[PDB]
Amino acid sequence: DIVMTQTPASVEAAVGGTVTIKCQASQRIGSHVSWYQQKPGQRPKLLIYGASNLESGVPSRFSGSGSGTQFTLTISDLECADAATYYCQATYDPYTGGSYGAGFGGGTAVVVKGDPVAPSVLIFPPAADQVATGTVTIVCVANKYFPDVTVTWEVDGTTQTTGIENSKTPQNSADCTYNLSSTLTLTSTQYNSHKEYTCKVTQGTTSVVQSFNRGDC
Amino acid sequence: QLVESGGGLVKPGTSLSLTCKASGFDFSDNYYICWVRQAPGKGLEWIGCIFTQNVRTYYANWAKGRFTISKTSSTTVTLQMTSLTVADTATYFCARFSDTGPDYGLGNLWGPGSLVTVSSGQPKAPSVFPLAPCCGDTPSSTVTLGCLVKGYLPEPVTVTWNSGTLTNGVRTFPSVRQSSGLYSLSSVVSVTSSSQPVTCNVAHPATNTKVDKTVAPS
C-alpha cells in the first residue's frame with residue numbers, strides 16, 4: 001500500500017499569488033501521481049495525471065512536478081475560483097504492479113484571500129407555527145463577506161453558549177466572499193420566557209448587530 | 001457516465017450492496033473501476049479497484065475485511081460492505097481509470113456518489129418554516145425571504161425557488177447536524193419588496209417528500 005503524505009494541510013494566499021502543494025510517496029512510484037480538485041458538494045475533479053500532464057480543459061495555471069518520491073502541485077495566478085481542497089493520489093503500487101489509482105493524500109484546503117468585504121446581517125424571528133412544536137429556531141444570516149466572522153447570540157443581554165449551529169458556504173468563485181447562517185434553537189418555554197434576541201457578527205474590529213423583540217414580531 | 005445507487009439510511013451492524021452502473025460504454029473494454037469514499041467534511045479514502053478485463057481486484061489494506069468489489073455484469077460493478085458503523089457514513093464514489101498507454105492513472109470519470117448514512121434513527125421528513133423579517137420592522141424596497149428546512153433524516157434535501165425560475169440572489173447553505181443527529185438547513189433569496197411572492201421547493205427524496213412553502217413579508 002502506497003501512503004501519500006500531503007503538505008500543507010491548509011494554506012491561504014492572496015489573489016494572483018502562488019500556492020505550492022507537495023505529496024510524499026512512501027516508496028518510489030516514478031511519475032504515477034494524479035492531482036484532484038474538490039469543492040463542497042461536488043465530486044472530485046481531475047487536474048493532473050502522470051505527475052505533470054494537464055487534464056483537457058484544466059487551466060494552464062495548474063502545473064504538477066516530480067518523479068519518484070516527492071511530487072509538487074503549483075497553482076499560480078491564484079483565482080477565487082481556485083478555492084477548494086486539493087488531493088494527490090498514487091497511481092502505481094510496486095508490490096501489486098498495478099497502475100490503478102490507489103491511496104490519497106490528506107488533502108490541502110486552499111483559501112483565496114480576496115478583497116475585504118464587511119457583512120450585512122439579517123435576523124429571522126421564528127414563524128408562528130414553530131412555537132407549537134415545542135422548539136423554536138431563530139435564523140441569523142451574514143451575507144457576502146471576507147475575511148471570516150464570529151457570531152454571538154444574546155437573549156435579554158445574556159450570551160448564549162448552547163443551541164447554536166453554524167454553516168458557512170464555500171468561497172464564492174467570483175469574489176472570494178463567504179455567506180454564513182447561524183441558528184439558535186430554544187424550547188418553546190425558554191423562548192416565551194424572554195423578550196430580546198440578538199445576533200452579533202464580528203469581523204475583526206467591526207460588528208453588525210441584528211435584534212428583534214419577540215412581542216413585536 | 002457513472003451512476004451509483006443502493007445507498008440511503010441503514011442501521012449500524014448491517015450490510016449494504018452499492019452498484020455502479022455505466023452508460024454509453026460497458027466494462028468489456030479495459031478499465032479499472034475503483035471505489036472511493038468520503039465522510040462528510042473529510043478527505044478522500046480509496047477502498048479498492050477491479051480490473052474489468054480479468055476481474056482482478058485490489059483493496060486497501062484497511063478495507064480488505066469489510067469490503068468486496070465484483071463485476072456482476074458488463075455494465076454494473078457492485079461494492080459490498082459489511083458491519084457498518086457511523087464511521088462508514090460517507091459518499092461512496094465510483095470512478096473509472098482509463099489507459100494512458102503505459103498505465104491506467106487517468107481517473108477522469110467520476111460518478112456523483114451514493115450517500116450512505118449509518119444511523120439507528122428513523123427516516124424523518126423535514127419541517128419547512130418561512131423566513132421573513134420581523135413584522136414590526138419598517139419594510140424596505142428590497143427584502144430577503146427564505147425557508148428553514150428543519151429536522152430531517154437522512155441527507156440530502158434540495159431547495160429551489162419558484163420551481164427553478166428564481167435563481168438570482170439565492171443562497172442555500174450547507175446542512176448542519178444537531179446533537180440528536182437530525183439535519184437542518186436554510187435557503188434565503190433577495191427580491192424586490194411588494195413585488196415577488198416567492199415559494200421554496202424543498203425535496204426530501206429519502207421520504208419521497210416535496211414541500212412548497214409560499215413566504216411573504218409580514
# chains A, B, ... in the order shown; residues from 1 in each chain; ligands from 1
>>> interface_residues(of="chain B", to="chain A", cutoff="9 Å", atoms="only C-alpha atoms", output="PDB file with N, CA and C atoms, in the first residue's frame")
ATOM      1  N   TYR B  32     -10.021   0.192 -15.088  1.00  0.00           N
ATOM      2  CA  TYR B  32     -10.153  -0.066 -13.664  1.00  0.00           C
ATOM      3  C   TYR B  32     -11.393   0.663 -13.163  1.00  0.00           C
ATOM      4  N   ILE B  33     -12.196  -0.022 -12.357  1.00  0.00           N
ATOM      5  CA  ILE B  33     -13.343   0.585 -11.694  1.00  0.00           C
ATOM      6  C   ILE B  33     -13.028   0.606 -10.207  1.00  0.00           C
ATOM      7  N   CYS B  34     -12.860   1.805  -9.662  1.00  0.00           N
ATOM      8  CA  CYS B  34     -12.427   1.995  -8.289  1.00  0.00           C
ATOM      9  C   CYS B  34     -13.539   2.627  -7.465  1.00  0.00           C
ATOM     10  N   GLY B  41     -17.214  16.320   5.204  1.00  0.00           N
ATOM     11  CA  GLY B  41     -16.221  17.235   5.725  1.00  0.00           C
ATOM     12  C   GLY B  41     -14.836  16.657   5.898  1.00  0.00           C
ATOM     13  N   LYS B  42     -14.555  15.489   5.319  1.00  0.00           N
ATOM     14  CA  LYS B  42     -13.243  14.869   5.463  1.00  0.00           C
ATOM     15  C   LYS B  42     -12.638  14.538   4.104  1.00  0.00           C
ATOM     16  N   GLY B  43     -11.529  13.789   4.102  1.00  0.00           N
ATOM     17  CA  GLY B  43     -10.780  13.560   2.885  1.00  0.00           C
ATOM     18  C   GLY B  43     -11.260  12.358   2.091  1.00  0.00           C
ATOM     19  N   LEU B  44     -10.683  12.213   0.900  1.00  0.00           N
ATOM     20  CA  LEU B  44     -10.954  11.061   0.054  1.00  0.00           C
ATOM     21  C   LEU B  44     -10.215   9.840   0.585  1.00  0.00           C
ATOM     22  N   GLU B  45     -10.873   8.683   0.523  1.00  0.00           N
ATOM     23  CA  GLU B  45     -10.309   7.433   1.022  1.00  0.00           C
ATOM     24  C   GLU B  45     -10.548   6.336  -0.007  1.00  0.00           C
ATOM     25  N   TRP B  46      -9.465   5.848  -0.608  1.00  0.00           N
ATOM     26  CA  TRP B  46      -9.552   4.768  -1.580  1.00  0.00           C
ATOM     27  C   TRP B  46      -9.938   3.462  -0.896  1.00  0.00           C
ATOM     28  N   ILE B  47     -10.868   2.736  -1.514  1.00  0.00           N
ATOM     29  CA  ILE B  47     -11.332   1.453  -0.996  1.00  0.00           C
ATOM     30  C   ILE B  47     -10.707   0.296  -1.767  1.00  0.00           C
ATOM     31  N   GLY B  48     -10.866   0.294  -3.082  1.00  0.00           N
ATOM     32  CA  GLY B  48     -10.296  -0.753  -3.908  1.00  0.00           C
ATOM     33  C   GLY B  48     -10.685  -0.522  -5.350  1.00  0.00           C
ATOM     34  N   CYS B  49      -9.999  -1.244  -6.231  1.00  0.00           N
ATOM     35  CA  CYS B  49     -10.286  -1.222  -7.656  1.00  0.00           C
ATOM     36  C   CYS B  49     -10.502  -2.646  -8.144  1.00  0.00           C
ATOM     37  N   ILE B  50     -11.149  -2.758  -9.298  1.00  0.00           N
ATOM     38  CA  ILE B  50     -11.298  -4.024 -10.000  1.00  0.00           C
ATOM     39  C   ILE B  50     -10.970  -3.786 -11.466  1.00  0.00           C
ATOM     40  N   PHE B  51     -10.188  -4.689 -12.047  1.00  0.00           N
ATOM     41  CA  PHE B  51      -9.833  -4.604 -13.456  1.00  0.00           C
ATOM     42  C   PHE B  51     -10.881  -5.346 -14.277  1.00  0.00           C
ATOM     43  N   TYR B  58      -8.059  -5.294  -6.253  1.00  0.00           N
ATOM     44  CA  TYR B  58      -7.006  -4.744  -5.406  1.00  0.00           C
ATOM     45  C   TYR B  58      -7.659  -3.849  -4.367  1.00  0.00           C
ATOM     46  N   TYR B  59      -7.461  -4.173  -3.093  1.00  0.00           N
ATOM     47  CA  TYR B  59      -8.108  -3.479  -1.993  1.00  0.00           C
ATOM     48  C   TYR B  59      -7.087  -2.719  -1.159  1.00  0.00           C
ATOM     49  N   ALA B  60      -7.551  -1.651  -0.517  1.00  0.00           N
ATOM     50  CA  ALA B  60      -6.761  -1.021   0.529  1.00  0.00           C
ATOM     51  C   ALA B  60      -6.668  -1.966   1.718  1.00  0.00           C
ATOM     52  N   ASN B  61      -5.503  -1.985   2.369  1.00  0.00           N
ATOM     53  CA  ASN B  61      -5.295  -2.935   3.457  1.00  0.00           C
ATOM     54  C   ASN B  61      -6.365  -2.791   4.534  1.00  0.00           C
ATOM     55  N   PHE B  93     -18.077   7.156  -3.969  1.00  0.00           N
ATOM     56  CA  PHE B  93     -17.902   7.465  -5.376  1.00  0.00           C
ATOM     57  C   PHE B  93     -17.463   6.232  -6.152  1.00  0.00           C
ATOM     58  N   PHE B  97     -10.826   4.508 -14.225  1.00  0.00           N
ATOM     59  CA  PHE B  97      -9.444   4.864 -14.530  1.00  0.00           C
ATOM     60  C   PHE B  97      -9.079   4.239 -15.871  1.00  0.00           C
ATOM     61  N   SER B  98      -8.823   5.089 -16.862  1.00  0.00           N
ATOM     62  CA  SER B  98      -8.612   4.656 -18.233  1.00  0.00           C
ATOM     63  C   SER B  98      -7.126   4.481 -18.533  1.00  0.00           C
ATOM     64  N   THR B 100      -3.662   5.177 -20.279  1.00  0.00           N
ATOM     65  CA  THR B 100      -2.865   6.228 -20.897  1.00  0.00           C
ATOM     66  C   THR B 100      -1.805   5.675 -21.840  1.00  0.00           C
ATOM     67  N   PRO B 102       0.995   3.383 -21.068  1.00  0.00           N
ATOM     68  CA  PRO B 102       1.813   2.566 -20.166  1.00  0.00           C
ATOM     69  C   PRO B 102       1.191   2.307 -18.804  1.00  0.00           C
ATOM     70  N   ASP B 103       0.090   2.975 -18.469  1.00  0.00           N
ATOM     71  CA  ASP B 103      -0.502   2.865 -17.142  1.00  0.00           C
ATOM     72  C   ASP B 103      -1.975   3.237 -17.234  1.00  0.00           C
ATOM     73  N   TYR B 104      -2.673   3.074 -16.112  1.00  0.00           N
ATOM     74  CA  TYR B 104      -4.099   3.352 -16.001  1.00  0.00           C
ATOM     75  C   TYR B 104      -4.370   4.430 -14.959  1.00  0.00           C
ATOM     76  N   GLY B 105      -3.586   5.502 -14.973  1.00  0.00           N
ATOM     77  CA  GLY B 105      -3.716   6.558 -13.992  1.00  0.00           C
ATOM     78  C   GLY B 105      -4.703   7.653 -14.337  1.00  0.00           C
ATOM     79  N   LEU B 106      -5.439   7.522 -15.439  1.00  0.00           N
ATOM     80  CA  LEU B 106      -6.346   8.573 -15.901  1.00  0.00           C
ATOM     81  C   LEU B 106      -7.724   8.336 -15.295  1.00  0.00           C
ATOM     82  N   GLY B 107      -7.928   8.865 -14.090  1.00  0.00           N
ATOM     83  CA  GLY B 107      -9.209   8.758 -13.418  1.00  0.00           C
ATOM     84  C   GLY B 107     -10.052  10.003 -13.601  1.00  0.00           C
ATOM     85  N   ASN B 108     -10.544  10.215 -14.822  1.00  0.00           N
ATOM     86  CA  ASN B 108     -11.230  11.446 -15.188  1.00  0.00           C
ATOM     87  C   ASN B 108     -12.738  11.276 -15.321  1.00  0.00           C
ATOM     88  N   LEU B 109     -13.285  10.121 -14.947  1.00  0.00           N
ATOM     89  CA  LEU B 109     -14.728   9.894 -14.983  1.00  0.00           C
ATOM     90  C   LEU B 109     -15.183   9.458 -13.597  1.00  0.00           C
ATOM     91  N   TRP B 110     -15.872  10.355 -12.896  1.00  0.00           N
ATOM     92  CA  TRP B 110     -16.379  10.108 -11.556  1.00  0.00           C
ATOM     93  C   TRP B 110     -17.895  10.232 -11.550  1.00  0.00           C
ATOM     94  N   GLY B 111     -18.552   9.336 -10.832  1.00  0.00           N
ATOM     95  CA  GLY B 111     -19.956   9.499 -10.546  1.00  0.00           C
ATOM     96  C   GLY B 111     -20.175  10.518  -9.453  1.00  0.00           C
ATOM     97  N   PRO B 112     -21.435  10.926  -9.279  1.00  0.00           N
ATOM     98  CA  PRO B 112     -21.755  11.866  -8.193  1.00  0.00           C
ATOM     99  C   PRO B 112     -21.709  11.235  -6.810  1.00  0.00           C
ATOM    100  N   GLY B 113     -21.656   9.912  -6.715  1.00  0.00           N
ATOM    101  CA  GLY B 113     -21.560   9.236  -5.440  1.00  0.00           C
ATOM    102  C   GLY B 113     -22.915   8.831  -4.886  1.00  0.00           C
ATOM    103  N   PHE B 129     -40.274  25.923   7.403  1.00  0.00           N
ATOM    104  CA  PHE B 129     -40.816  27.129   8.004  1.00  0.00           C
ATOM    105  C   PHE B 129     -40.362  28.363   7.232  1.00  0.00           C
ATOM    106  N   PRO B 130     -41.243  29.339   7.023  1.00  0.00           N
ATOM    107  CA  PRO B 130     -40.848  30.538   6.278  1.00  0.00           C
ATOM    108  C   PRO B 130     -39.879  31.399   7.071  1.00  0.00           C
ATOM    109  N   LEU B 131     -39.090  32.180   6.336  1.00  0.00           N
ATOM    110  CA  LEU B 131     -38.154  33.136   6.922  1.00  0.00           C
ATOM    111  C   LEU B 131     -38.458  34.512   6.344  1.00  0.00           C
ATOM    112  N   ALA B 132     -38.914  35.425   7.194  1.00  0.00           N
ATOM    113  CA  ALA B 132     -39.273  36.773   6.786  1.00  0.00           C
ATOM    114  C   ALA B 132     -38.892  37.745   7.891  1.00  0.00           C
ATOM    115  N   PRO B 133     -38.641  39.011   7.552  1.00  0.00           N
ATOM    116  CA  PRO B 133     -38.288  39.990   8.586  1.00  0.00           C
ATOM    117  C   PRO B 133     -39.393  40.143   9.622  1.00  0.00           C
ATOM    118  N   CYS B 134     -39.001  40.643  10.793  1.00  0.00           N
ATOM    119  CA  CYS B 134     -39.954  40.874  11.872  1.00  0.00           C
ATOM    120  C   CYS B 134     -41.093  41.769  11.399  1.00  0.00           C
ATOM    121  N   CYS B 135     -42.317  41.405  11.793  1.00  0.00           N
ATOM    122  CA  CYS B 135     -43.498  42.136  11.343  1.00  0.00           C
ATOM    123  C   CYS B 135     -43.432  43.609  11.729  1.00  0.00           C
ATOM    124  N   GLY B 136     -42.877  43.911  12.899  1.00  0.00           N
ATOM    125  CA  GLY B 136     -42.837  45.269  13.398  1.00  0.00           C
ATOM    126  C   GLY B 136     -41.801  46.174  12.775  1.00  0.00           C
ATOM    127  N   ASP B 137     -40.969  45.657  11.875  1.00  0.00           N
ATOM    128  CA  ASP B 137     -39.936  46.458  11.236  1.00  0.00           C
ATOM    129  C   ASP B 137     -40.501  47.200  10.031  1.00  0.00           C
ATOM    130  N   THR B 144     -35.255  40.237   1.876  1.00  0.00           N
ATOM    131  CA  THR B 144     -34.686  38.897   1.832  1.00  0.00           C
ATOM    132  C   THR B 144     -35.637  37.945   2.542  1.00  0.00           C
ATOM    133  N   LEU B 145     -36.099  36.931   1.819  1.00  0.00           N
ATOM    134  CA  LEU B 145     -37.002  35.922   2.344  1.00  0.00           C
ATOM    135  C   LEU B 145     -36.347  34.555   2.206  1.00  0.00           C
ATOM    136  N   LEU B 148     -36.699  27.743   6.274  1.00  0.00           N
ATOM    137  CA  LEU B 148     -35.928  26.932   7.206  1.00  0.00           C
ATOM    138  C   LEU B 148     -36.367  25.479   7.059  1.00  0.00           C
ATOM    139  N   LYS B 150     -36.010  22.096   8.610  1.00  0.00           N
ATOM    140  CA  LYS B 150     -35.608  21.702   9.953  1.00  0.00           C
ATOM    141  C   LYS B 150     -35.927  20.238  10.224  1.00  0.00           C
ATOM    142  N   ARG B 171     -29.150  31.938  -1.845  1.00  0.00           N
ATOM    143  CA  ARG B 171     -28.051  31.440  -1.020  1.00  0.00           C
ATOM    144  C   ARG B 171     -28.592  30.265  -0.211  1.00  0.00           C
ATOM    145  N   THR B 172     -28.273  29.052  -0.652  1.00  0.00           N
ATOM    146  CA  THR B 172     -28.674  27.830   0.034  1.00  0.00           C
ATOM    147  C   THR B 172     -27.470  27.285   0.791  1.00  0.00           C
ATOM    148  N   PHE B 173     -27.570  27.270   2.114  1.00  0.00           N
ATOM    149  CA  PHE B 173     -26.444  26.931   2.965  1.00  0.00           C
ATOM    150  C   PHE B 173     -26.294  25.417   3.094  1.00  0.00           C
ATOM    151  N   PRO B 174     -25.083  24.935   3.370  1.00  0.00           N
ATOM    152  CA  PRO B 174     -24.922  23.511   3.668  1.00  0.00           C
ATOM    153  C   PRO B 174     -25.654  23.149   4.947  1.00  0.00           C
ATOM    154  N   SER B 175     -25.983  21.868   5.058  1.00  0.00           N
ATOM    155  CA  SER B 175     -26.767  21.399   6.186  1.00  0.00           C
ATOM    156  C   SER B 175     -25.919  21.347   7.449  1.00  0.00           C
ATOM    157  N   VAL B 176     -26.574  21.583   8.579  1.00  0.00           N
ATOM    158  CA  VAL B 176     -25.977  21.382   9.888  1.00  0.00           C
ATOM    159  C   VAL B 176     -26.622  20.154  10.507  1.00  0.00           C
ATOM    160  N   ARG B 177     -25.908  19.551  11.450  1.00  0.00           N
ATOM    161  CA  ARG B 177     -26.386  18.371  12.154  1.00  0.00           C
ATOM    162  C   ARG B 177     -26.327  18.653  13.645  1.00  0.00           C
ATOM    163  N   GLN B 178     -27.479  18.598  14.304  1.00  0.00           N
ATOM    164  CA  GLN B 178     -27.536  18.835  15.736  1.00  0.00           C
ATOM    165  C   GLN B 178     -27.132  17.568  16.487  1.00  0.00           C
ATOM    166  N   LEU B 185     -31.148  22.965   7.334  1.00  0.00           N
ATOM    167  CA  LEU B 185     -30.503  23.972   6.505  1.00  0.00           C
ATOM    168  C   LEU B 185     -31.513  25.059   6.179  1.00  0.00           C
ATOM    169  N   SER B 186     -30.995  26.191   5.717  1.00  0.00           N
ATOM    170  CA  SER B 186     -31.818  27.306   5.289  1.00  0.00           C
ATOM    171  C   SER B 186     -31.449  27.684   3.864  1.00  0.00           C
ATOM    172  N   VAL B 188     -32.088  31.353   1.567  1.00  0.00           N
ATOM    173  CA  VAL B 188     -32.619  32.706   1.508  1.00  0.00           C
ATOM    174  C   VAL B 188     -32.447  33.232   0.090  1.00  0.00           C
ATOM    175  N   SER B 218     -44.292  40.021   6.567  1.00  0.00           N
ATOM    176  CA  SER B 218     -45.374  40.491   7.426  1.00  0.00           C
ATOM    177  C   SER B 218     -46.713  39.879   7.025  1.00  0.00           C
TER     178      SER B 218
END
>>> select_by_dssp(residues="stretch 7-217 of chain B", states="helix (DSSP H, G or I)", output="list in words")
residues 61, 62, 63, 86, 87, 88, 162, 163, 164, 205, 206 and 207 of chain B
>>> residues_around(residues="residue B:155", least_positions_apart="2", cutoff="10 Å", atoms="only C-alpha atoms", output="ChimeraX atom specification")
/B:8-9,115-117,123,152-153,157-158,175,177,182-184,204-206
>>> write_last_selection(atoms="N, CA and C atoms", output="mmCIF file, in the first residue's frame")
data_model
loop_
_atom_site.group_PDB
_atom_site.id
_atom_site.type_symbol
_atom_site.label_atom_id
_atom_site.label_comp_id
_atom_site.auth_asym_id
_atom_site.auth_seq_id
_atom_site.Cartn_x
_atom_site.Cartn_y
_atom_site.Cartn_z
ATOM 1 N N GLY B 8 -28.463 4.890 1.187
ATOM 2 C CA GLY B 8 -29.507 5.510 1.966
ATOM 3 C C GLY B 8 -29.227 5.343 3.443
ATOM 4 N N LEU B 9 -30.286 5.461 4.238
ATOM 5 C CA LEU B 9 -30.187 5.299 5.682
ATOM 6 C C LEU B 9 -30.224 3.818 6.041
ATOM 7 N N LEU B 115 -24.748 8.317 -1.212
ATOM 8 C CA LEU B 115 -24.608 8.653 0.198
ATOM 9 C C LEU B 115 -25.152 7.526 1.067
ATOM 10 N N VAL B 116 -24.328 7.054 1.998
ATOM 11 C CA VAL B 116 -24.717 6.045 2.976
ATOM 12 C C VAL B 116 -24.708 6.704 4.348
ATOM 13 N N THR B 117 -25.846 6.666 5.035
ATOM 14 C CA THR B 117 -25.975 7.227 6.375
ATOM 15 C C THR B 117 -26.238 6.081 7.344
ATOM 16 N N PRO B 123 -36.084 7.361 9.466
ATOM 17 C CA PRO B 123 -36.202 8.438 8.474
ATOM 18 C C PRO B 123 -37.267 9.442 8.887
ATOM 19 N N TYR B 152 -34.606 16.764 9.490
ATOM 20 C CA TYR B 152 -34.814 15.671 8.554
ATOM 21 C C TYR B 152 -33.679 14.663 8.663
ATOM 22 N N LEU B 153 -33.989 13.413 8.313
ATOM 23 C CA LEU B 153 -33.012 12.349 8.310
ATOM 24 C C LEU B 153 -33.423 11.360 7.227
ATOM 25 N N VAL B 157 -31.445 17.167 1.156
ATOM 26 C CA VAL B 157 -32.601 17.873 0.626
ATOM 27 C C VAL B 157 -32.084 18.867 -0.401
ATOM 28 N N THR B 158 -32.907 19.145 -1.404
ATOM 29 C CA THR B 158 -32.598 20.145 -2.414
ATOM 30 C C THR B 158 -33.683 21.209 -2.400
ATOM 31 N N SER B 175 -25.983 21.868 5.058
ATOM 32 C CA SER B 175 -26.767 21.399 6.186
ATOM 33 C C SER B 175 -25.919 21.347 7.449
ATOM 34 N N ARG B 177 -25.908 19.551 11.450
ATOM 35 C CA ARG B 177 -26.386 18.371 12.154
ATOM 36 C C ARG B 177 -26.327 18.653 13.645
ATOM 37 N N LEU B 182 -30.371 14.905 13.663
ATOM 38 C CA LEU B 182 -31.210 15.456 12.611
ATOM 39 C C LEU B 182 -30.483 16.581 11.884
ATOM 40 N N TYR B 183 -30.764 16.703 10.592
ATOM 41 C CA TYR B 183 -30.163 17.726 9.753
ATOM 42 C C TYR B 183 -31.095 18.923 9.619
ATOM 43 N N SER B 184 -30.496 20.076 9.333
ATOM 44 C CA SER B 184 -31.249 21.294 9.076
ATOM 45 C C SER B 184 -30.441 22.186 8.148
ATOM 46 N N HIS B 204 -37.250 16.104 -0.278
ATOM 47 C CA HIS B 204 -36.592 15.106 0.564
ATOM 48 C C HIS B 204 -36.842 13.740 -0.060
ATOM 49 N N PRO B 205 -35.991 13.300 -0.991
ATOM 50 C CA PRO B 205 -36.272 12.035 -1.690
ATOM 51 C C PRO B 205 -36.304 10.821 -0.777
ATOM 52 N N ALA B 206 -35.515 10.810 0.301
ATOM 53 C CA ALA B 206 -35.454 9.628 1.156
ATOM 54 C C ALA B 206 -36.821 9.272 1.725
#
>>> residues_around(residues="residue A:65", least_positions_apart="3", cutoff="7 Å", atoms="only C-alpha atoms", output="PyMOL selection string")
chain A and resi 51-52+71-73
>>> closest_residue(among="B:76, B:91, B:114, B:56", to="residue B:39", atoms="only C-alpha atoms")
B:91
>>> atom_distance(atom1="atom CA of residue B:22", atom2="atom CA of residue B:35")
13.9 Å
>>> atom_distance(atom1="atom CA of residue B:53", atom2="atom CA of residue B:4")
21.0 Å
>>> select_by_dssp(residues="stretch 15-190 of chain B", states="strand (DSSP E or B)", output="number ranges by chain")
B: 16-22, 32-38, 44-51, 57-59, 67-71, 76-81, 90-98, 106-110, 114-118, 124, 127-131, 142-153, 158-161, 170-172, 176-177, 183-190
>>> closest_residue(among="A:160, A:69, A:62, A:193", to="residue A:30", atoms="only C-alpha atoms")
A:69
